[PDB]
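# Coordinate analysis (summary)
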Amino acid sequence: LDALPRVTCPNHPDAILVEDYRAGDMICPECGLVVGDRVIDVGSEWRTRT
Amino acid sequence: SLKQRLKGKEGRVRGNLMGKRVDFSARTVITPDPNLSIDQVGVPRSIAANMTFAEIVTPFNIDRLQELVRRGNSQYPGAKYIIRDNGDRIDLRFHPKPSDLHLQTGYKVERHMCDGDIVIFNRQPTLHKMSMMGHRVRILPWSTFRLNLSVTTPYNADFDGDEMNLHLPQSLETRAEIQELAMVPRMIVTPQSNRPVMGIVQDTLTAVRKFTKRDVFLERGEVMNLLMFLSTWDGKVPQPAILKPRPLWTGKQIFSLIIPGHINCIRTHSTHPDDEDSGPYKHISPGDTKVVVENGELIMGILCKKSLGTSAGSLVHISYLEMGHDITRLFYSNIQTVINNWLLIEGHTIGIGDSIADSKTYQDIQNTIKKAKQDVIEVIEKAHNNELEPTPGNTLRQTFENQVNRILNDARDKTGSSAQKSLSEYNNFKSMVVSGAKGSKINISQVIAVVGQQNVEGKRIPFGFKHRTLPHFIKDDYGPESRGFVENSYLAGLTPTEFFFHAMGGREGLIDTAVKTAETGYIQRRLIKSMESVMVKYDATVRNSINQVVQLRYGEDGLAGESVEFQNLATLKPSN
Amino acid sequence: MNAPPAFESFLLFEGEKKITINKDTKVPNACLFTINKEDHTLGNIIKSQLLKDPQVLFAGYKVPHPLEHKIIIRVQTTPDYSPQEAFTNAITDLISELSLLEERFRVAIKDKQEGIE
Amino acid sequence: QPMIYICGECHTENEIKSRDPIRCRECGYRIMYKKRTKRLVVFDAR
Amino acid sequence: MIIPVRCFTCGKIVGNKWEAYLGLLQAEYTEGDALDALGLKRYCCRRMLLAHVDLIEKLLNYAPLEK
Amino acid sequence: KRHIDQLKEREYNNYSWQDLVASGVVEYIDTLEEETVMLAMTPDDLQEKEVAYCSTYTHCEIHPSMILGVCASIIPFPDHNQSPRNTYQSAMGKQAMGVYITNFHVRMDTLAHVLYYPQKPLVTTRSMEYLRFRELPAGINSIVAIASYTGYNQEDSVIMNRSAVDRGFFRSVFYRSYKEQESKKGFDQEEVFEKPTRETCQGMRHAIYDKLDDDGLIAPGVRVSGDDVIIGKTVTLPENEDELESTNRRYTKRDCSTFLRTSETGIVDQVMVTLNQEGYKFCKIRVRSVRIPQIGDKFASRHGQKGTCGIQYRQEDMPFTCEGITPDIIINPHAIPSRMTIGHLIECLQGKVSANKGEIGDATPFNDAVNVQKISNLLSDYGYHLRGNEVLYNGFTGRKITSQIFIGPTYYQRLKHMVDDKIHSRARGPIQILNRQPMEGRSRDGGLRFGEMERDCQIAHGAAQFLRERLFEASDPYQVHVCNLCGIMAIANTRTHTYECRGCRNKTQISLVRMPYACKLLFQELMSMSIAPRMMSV
Amino acid sequence: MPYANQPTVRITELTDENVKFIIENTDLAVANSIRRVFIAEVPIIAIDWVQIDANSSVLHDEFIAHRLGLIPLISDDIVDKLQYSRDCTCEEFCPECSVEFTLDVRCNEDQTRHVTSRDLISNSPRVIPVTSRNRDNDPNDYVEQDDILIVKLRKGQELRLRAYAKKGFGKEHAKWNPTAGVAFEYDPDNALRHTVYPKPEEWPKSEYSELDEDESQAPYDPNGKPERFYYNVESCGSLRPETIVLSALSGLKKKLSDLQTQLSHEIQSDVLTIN
Amino acid sequence: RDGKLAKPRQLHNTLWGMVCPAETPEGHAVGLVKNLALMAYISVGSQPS
Amino acid sequence: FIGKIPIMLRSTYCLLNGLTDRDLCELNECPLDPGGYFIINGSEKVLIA
Ligand SMILES: [Mg+2]
Ligand SMILES: [Mg+2]
Ligand SMILES: [Zn+2]
Ligand SMILES: [Zn+2]
Ligand SMILES: [Zn+2]
Ligand SMILES: [Zn+2]
Ligand SMILES: [Zn+2]
């Protein structure tokens, strides 16, 4: 479970994991399964004496 | 500060548990829709495009469910995501073969929100149990919520720019839970004051008054037109009310068609017309004015609100009891549809003509004021002579201020009563006042005749300008204008001085309103935090969170307050 | 916009049909027809055209909603006379009257190439 | 892309693909304007 | 501002009758005669023109209408 | 009266107000002086001796309207209207959308709303000229008919003509100006305006820089939407700590390119670049958007009767006059008498006759004009019902309506209340893992608030399970393992194998509980205070 | 059907800008609906595609584009001949379903220049363009027949744009409506008593009231029926009003015939049989 | 601020011609917020010496 | 040199105060924009009485 960084699936090792800021979702297109987890989006968090 | 972080001051308690954000919710401005059934709510397509439901796949609808998956996010009747039994979820927007994608029974599919779905709707601020109700959605154009007028009534919503909030449950228990409880039809009667909460109002109430008129006659063509408007109908055309010289139907006949056919509500016409009794008994020439319906058939009587609802003796309460919420809701939606359509064709307006009264009476009214003006002077001079007699237990000033007040009240009332007489029944304003809508005689006085005395805490305008109100007045002036009396009408206009006194009182209403608005939220909180500790038990005894008994049984009977009703025992009859 | 385009008021989708025909399940020789992307404007003359027919036991129509573009018509006629014929008769009579109205209009306008005086 | 905005006060295009400090010939002012887009743009008359 | 063609209440054109009106005003200090000459027999149309106002000329007053 | 002629002389030559002050025929007066002076209401009546209860008057008002403020001065005959409505108008007047100056083009404020075809008030107060209101109007005098219609105008709303919307009814432009600055981010670290490619930079989540120019800025006139990158810039961070090959074209080029919030759609209006006192290079861009009247949007009368557009209909559907005149607006009659706003009728009655007269009427509350009968008599002269009421034909059946209708022109306000900016919803999205609460709001696509009182109602509702769904499932869901030996939440949990409760030597008697995650945090917070709370079903 | 109205027709008055006539022997529902037909139903050509190549004038393109809509294009060339662009299966547009327009102006003159419909030209085959001294080689112009002043230009301002006029009708948008307010009257004496008219002296007399002219404050007949509808059509200029009426009358008939065909199709598609 | 409770807002009569009575926000700041009269003016201060 | 003082618009020291409307439009200034409030960091600022 150390193999995260951005690419893995139970059926295949993920090749791409797009970040959909709009819905705040993580999508893996080539099979079809949210890798789960949206950590609160870095694109939402891209506006942020002696 | 570690204690502070917890402490409540935006802490774990108040700043998190007592108030947080949730999903599957929407809020917009509100718009009216009398055409909507009482359970309907109008819903924006974008919201419907935004809102979804995750349904678990069953073999009975799996093929359709698969079509939603196949339809996908690219249209409203499709689905955004599917959640597999093992827990895996799929984005169909980026799925390479959304239509070809496999699926089976037991999987969950996140499909778009559809019509006919039950949601929970709320006012904000929330003040009572009817303030949150389960509703049926209606998907519509433009980002507006459309609602039935009568649903505004428990909500007290205003389309001036109010927003209200809606929540969509995602569990079938809760869908049942909302359906069996949160749904509006059960909310009709309040247990707080064993009365109905629904109320047909304004345009609808006015046209109903208009519709009860004796001069109401219909044509066969329009009867068919009216019949189609019906949300439900027997399919059997009724017999004409008139056959000769020409076949005709009455509005009372047709209103009675709307009425369910084996229930009656009796007498409470509750209108000014007739004679505070005694007179209408003269001789039972007992019809028209007084209300009476038999076997779902209206015999006579112009309708009112006390008949129409939110009061004791109302038709609405008894229909709820006999016909139940479900039949009563369909009757109510139906009547509103019909009355609206009749109103639409009948029409209603208002103009300066409605402000017109008789010149001579209007001439008499001013002269009535002139005598009262003269009457004040008689009172002023006697006091200045110190020949005026002080009222027992009061000072001479208290008597004087009281005495001038009776005169300013008697005259205004007299001149008002002249205006009540001076207006035709033809008038929209009298029509609006009589129907039980937003008006009254005092309004007529204010618009046509006289606004009356302005006061500070009930007292005449104080001498803030050094024993005076204004430098336009003489010193030691005691005229009613010098103390805020608005003699003119809204039609007559106001003097510069009267307008100012009028502006001042408007502040008193407004300031009190703002202060009252903040405080009620606070007082309630004090109230709720106390009363939250108690609930009813299965042994009928009323108990608290530590199971101790409050009462032997709730309300000393254990019965529902809604099932209670106003009755005369009459056993306290005078003569034994 | 969170609202449909204007042509959608009258234009039908490829899965839609202009009118739908249903028999009444309540009274004999009656039917209820649903017309899509249409208003009372059509509805009212046809009701009137059917009302003009004495063989009609019942005729009526309504939109399901004014915002919505659809109407439903319930009609009942004598048991020997089908409601379909009444609608068919009413439209054919009405179209015929319109053609003559146009022709008289043509006669009326044509009747002053210069002036009436 | 020949575009680059135009100075505001001299009212003249500088016109180059440069990381220059928003300077401008003759007109020392920094106020810059960018040319209209070179793209197909449909307008309705509604 | 920039006289909209067609009176919102009816549809009566006036895409050039503003300046003509202004011409009519310079020619005749009778709005009634001006309003009538324009042909705006309807007061909805009259309200359109009567309550119109054109500040653009002040906008034109600026020199920096070059970039 | 000769002094007036001097005031007239001032238009060409000179005769200053100060000279009028120097003339000493008028003086400037404080409240302390007012206590002693005998003030007069009017020159005319008070000079009369026949009924001179007093004649010791010392000074007189220029005009009673001088008490009035900027807002009150706008509405005619406020005294024929209920007093608070004017305060509501005074507030709501401020709430109205409109023009504000002349050079809008040079102006690039964050937000603006301007009307295509504003109109000076058909009925005006003379002072509004000094307010330059006719120069800068903020509404139009629309012709309205007062009728309930279908009830879609009930309670603070109105039905409006969609076909009129087609002609350009109250349509407006909305301008938003965006500004963006470049600046250092450390001794070496800094933002860098550019058009980075997806492989030559990271932090791009998914958005593309197609709209951009090589400078990193979008071109003027470009069509925009609520997702794409509006300004392109990226900041490399460590410059050396990356070292050795984890090179990539993205390197350390962290994205900081500005994009549009997930809501707005439109076209690029203007782009301006310059520098400030800080010295840093910065740019300002104006984005144009168009505001059209829609159902539910907030509007208002000049008489403080606000309302939203309840719906919009085509002109054909609308009921019409003998000419076939459809009103611009359909207001509910009943809303006026409850508020007692007779003045609202006077705008209409004065406006009707003025329109027919082809001449403007003054809106001063105080006159001798006898506006009631004389206007009514005059309304009869143009060939109309003297009270203003008129019969109209049905919009659908064409039949004449049973009641007669009061119809005429009225100054109306478009209020600053974009309903589409007021709407907000979510079903799932970004959260706040620190508390597992939903995002702050719409500008971050957050969830909607839940208040103490909705909870209070929900208890009164008795539907505990819906609250449970709402408090737990619809906000904060969690699973916890506890040791059977102790209610203390202690596990290492090989989330694929073992669980264990260290300190209790638990190897198998692990148990799972469902609580909120934010609640577990509170509990951990108690433990940090050396408290050991525990919990069991027994 | 055994009996129908004879739709009596009488034309009172006609011009290129208006037509006044009286229709008799007909239903009120027919009169209103045909009236509703006069506005919405009539097909017309209007601009749907606009490209602005250059604009150094003060106004923003979308203001002009909305205005381009507001332009009253005459429809006197059988605009119905053009196929709908949607149905014309052409790449977005073609001369068989579109007209093309182009405008280019530059103010080199120091004084304020005015821009007019004339600056806009129909690049597509000369189907009758905007009404600006094109119909009127007639010594009867209003004052100039410059119908619409597009905008004004102080020295230095320029405007370059392109336009596509396309087929449409009033129901689609009011810009496609070839008619202003439509005048209508029946039964001025109010013998039908559709409304009270309390104190009829408070009601001035209508021009049609003048017929039976009467000083009896409003004669009455309970058996009466709506008859002798008085019409006055007010064309917006886009077409001659009577010709608008014929196109309206033709369209409504066509609208009905298609429903009958569909009605046949409803019974064809159904299992029902009739003969 | 200083001096609170049992003081409130309503109106003073001398305000006549000094402030518009209608010109106030409908918020809680109502009456608490005032507005200059059409022709009111303010003393700038001088030396009586 | 002691400081840079922020000045009220239309001040005596606001040299535009003498310029005509035509001058002001020449400056691209609004003739019906009397000011009377400071501009701080490009933002408009008004003192409340
Ligand atoms: Mg409210
Ligand atoms: Mg309300
Ligand atoms: Zn995958
Ligand atoms: Zn330069
Ligand atoms: Zn007009
Ligand atoms: Zn343990
Ligand atoms: Zn084509």
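Residues numbered from 1 in each chain as written, not as in the entry; some residues may be left out. Chains lettered and ligands numbered in written order. Part of a larger assembly, values for the part shown. Heavy atoms only, no water.

## Looking at the side chain of E:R6
With respect to the secondary-structure elements, E:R6 resides in the segment before α1 (17–27). Within the buried core, E:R6 has no salt-bridge partner, and the shortest N-O distance to an opposite charge, that of F:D166, equals 9.0 Å. Here G:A174 takes part through its backbone oxygen, which lies 3.1 Å from a polar atom of the side chain of E:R6. (Helix = DSSP H or I, 4+ residues; strand = E, 2+ residues; numbered from the N terminus. Buried < 20%, exposed > 50% of the residue type's maximum accessible area, 1.4 Å probe, protein only. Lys, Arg positive; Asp, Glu negative; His and termini not counted. Salt bridge = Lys/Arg side-chain N within 4 Å of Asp/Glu carboxyl O. Polar contact = N/O pair within 3.5 Å; in protein donor to acceptor, adjacent residues only side chain to side chain.)

## Re the arrangement of the chains
For the 17 pairs of chains in contact, the largest share of contacts goes to chains B and F. Nothing in chain A touches chain C; the tightest C-alpha to C-alpha distance between them is still 18 Å. (Contact = heavy atoms within 4.5 Å.)

## As for the coordination of the zinc ion (ligand 7)
Residues and elements named next belong to chain G. At the metal site, the zinc ion (ligand 7) is ligated by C88 (SG), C90 (SG), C94 (SG) and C97 (SG), and these contacts range over 2.2 to 2.4 Å. Angles of 95 to 129° at the metal separate the four donor atoms of the zinc ion (ligand 7), which places the site in the tetrahedral class. Positions of the donor residues of the zinc ion (ligand 7), expressed as sequence spacing, correspond to C-x1-C-x3-C-x2-C. Judged by relative accessible area, which is 11%, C88 ranks as buried. For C97, a relative accessible area of 0% gives the class buried. (Donors = N, O, S within 2.8 Å, 3.2 Å for Na, K, Ca; no water. Tetrahedral: all angles 85-135°; square planar, octahedral: opposite > 155°, others 65-115°.)

## What about the sheet that holds strand β1 (residues 19–23) of chain C?
Residues and elements named next belong to chain C. Strand order in the open sheet formed by four strands is β1-β2-β4-β3, with antiparallel pairing between adjacent strands. On the outer flanks of this sheet lie β1 and β3 (56–62), each paired with one strand and no other. Averaged over neighbouring strand pairs, the angle between their axes works out to 15° when direction is ignored. Bridge analysis of β3 against strand β4 (residues 70–77) gives six bridges, and the strand direction is antiparallel. Along β4, the bridge assignment pairs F58 with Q76. Each of β3 and β4 is contacted by helix α1 (residues 40–52), which is oriented at about 170° to β3, the strand it contacts most. (Pairing = 2+ DSSP bridges. Axes fitted to C-alpha atoms, helices over the stretch in contact; angles between N-to-C directions.)

## Examining unusual backbone geometry
All names here are of chain B. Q124 connects to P125 through a cis peptide bond whose omega is 0°. With an omega dihedral of -5°, the bond running from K244 to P245 counts as a cis peptide bond. For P245, the position within the fold is in the loop between α8 (220–229) and β15 (249–250). Phi is positive for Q124, which is not a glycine, with a value near 55°. Summarising the element assignment, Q124 is placed in the loop between β8 (118–122) and β9 (132–140). The partly exposed category is assigned to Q124, whose relative accessible area is 43%.

## Comments concerning the interface of chain G and chain F
The parts lose accessible area when they come together, and the size of an interface is often stated as this lost area. Facing the 33 residues of chain G at the interface are 38 residues of chain F. Taking both sides of the interface into account, the surface hidden between chain G and chain F amounts to around 3,100 Å²; carbon and sulfur atoms contribute 51%. For the chain G face of the interface with chain F, the top three residues by lost area are G:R36, G:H194 and G:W203, together amounting to 19%. In this assembly, chain G and chain F are joined by three salt bridges. Summed over the shared surface of chain G and chain F, the number is 13 residue pairs in polar contact. Sorting the residues of the side of chain G that touches chain F by element identifies α1 (28–41), α2 (61–70) and β9 (179–185) of chain G as the ones contributing at least two each. At six residues, α1(G) tops the list of elements feeding residues into the side of chain G that touches chain F. (Buried area = accessible area lost by both parts, 1.4 Å probe.)

## Side note on the interface of chain B and chain F
Listed per partner, the contact involves 109 residues of chain B and 106 residues of chain F. Between chain B and chain F, a total of about 10,000 Å² is buried, with carbon and sulfur atoms accounting for 58% of that surface. When the buried surface of chain B facing chain F is broken down by residue, B:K20, B:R21 and B:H472 rank first, second and third, together holding 9% of it. Counting every contact that joins chain B to chain F gives seven salt bridges.

## Quick look at the UniProt feature "binding site: Zn(2+)" in chain D
Residue and element names in this part refer to chain D. UniProt tags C7, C10, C24 and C27 as "binding site: Zn(2+)". A stretch of 21 residues holds the annotated residues, and the largest C-alpha distance among them is 8.7 Å, short enough that they meet in one place. Mapped onto the fold, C7 is located in the segment before β1 (32–33). Not counting the four nearest positions on each side in its chain, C7 is found in contact with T12, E13, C24, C27, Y29, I31, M32 and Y33. Along the chain, the position of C24 falls in the segment before β1. Overall, the relative accessible area of 12% leaves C24 in the buried class. Discounting residues that sit within four places of it in the chain, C24 has contacts with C7, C10, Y29 and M32. (UniProt positions renumbered as here; feature names shortened; annotations may be inferred.)

## So, the pairing of strand β14 (residues 281–291) of chain F
Residues and elements named next belong to chain F. When strand β7 (residues 172–181) meets β14, the two strands line up antiparallel, connected through 10 bridges. Bridging from a neighbouring strand, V173 pairs with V290 of β14. Here strand β13 (residues 266–275) pairs with β14 via eight bridges, running antiparallel. Bridge assignment links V271 to a residue of β14, and that residue is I285. From the end of β13 to the start of β14, which pair antiparallel, there are five residues, and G279 there has a positive phi angle of about 90°.

## Comments concerning the state of the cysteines
Evaluation of the coordinates by the stated rule reveals zero disulfides over all chains. Unpaired in terms of disulfides, G:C236 finds its nearest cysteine sulfur in E:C10, a separation of 11 Å. (Disulfide = S-S within 2.5 Å.)

## Digging into the sheet that holds strand β24 (residues 549–551) of chain B
Either a parallel or an antiparallel arrangement is found when strands of a sheet pair, and the pairing is made through backbone hydrogen bonds. Residue and element names in this part refer to chain B. The strand order β22-β23-β24 describes an open sheet built from three strands, whose pairing is antiparallel. Because the sheet does not close on itself, it has two edges, and the strands there are β22 (534–536) and β24. For this sheet the average axis-to-axis angle between neighbouring strands, irrespective of direction, equals 35°. In the sheet, β22 pairs with strand β23 (residues 542–544) via three bridges, with the strands oriented antiparallel. What sits directly across from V534, in β23, is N544.

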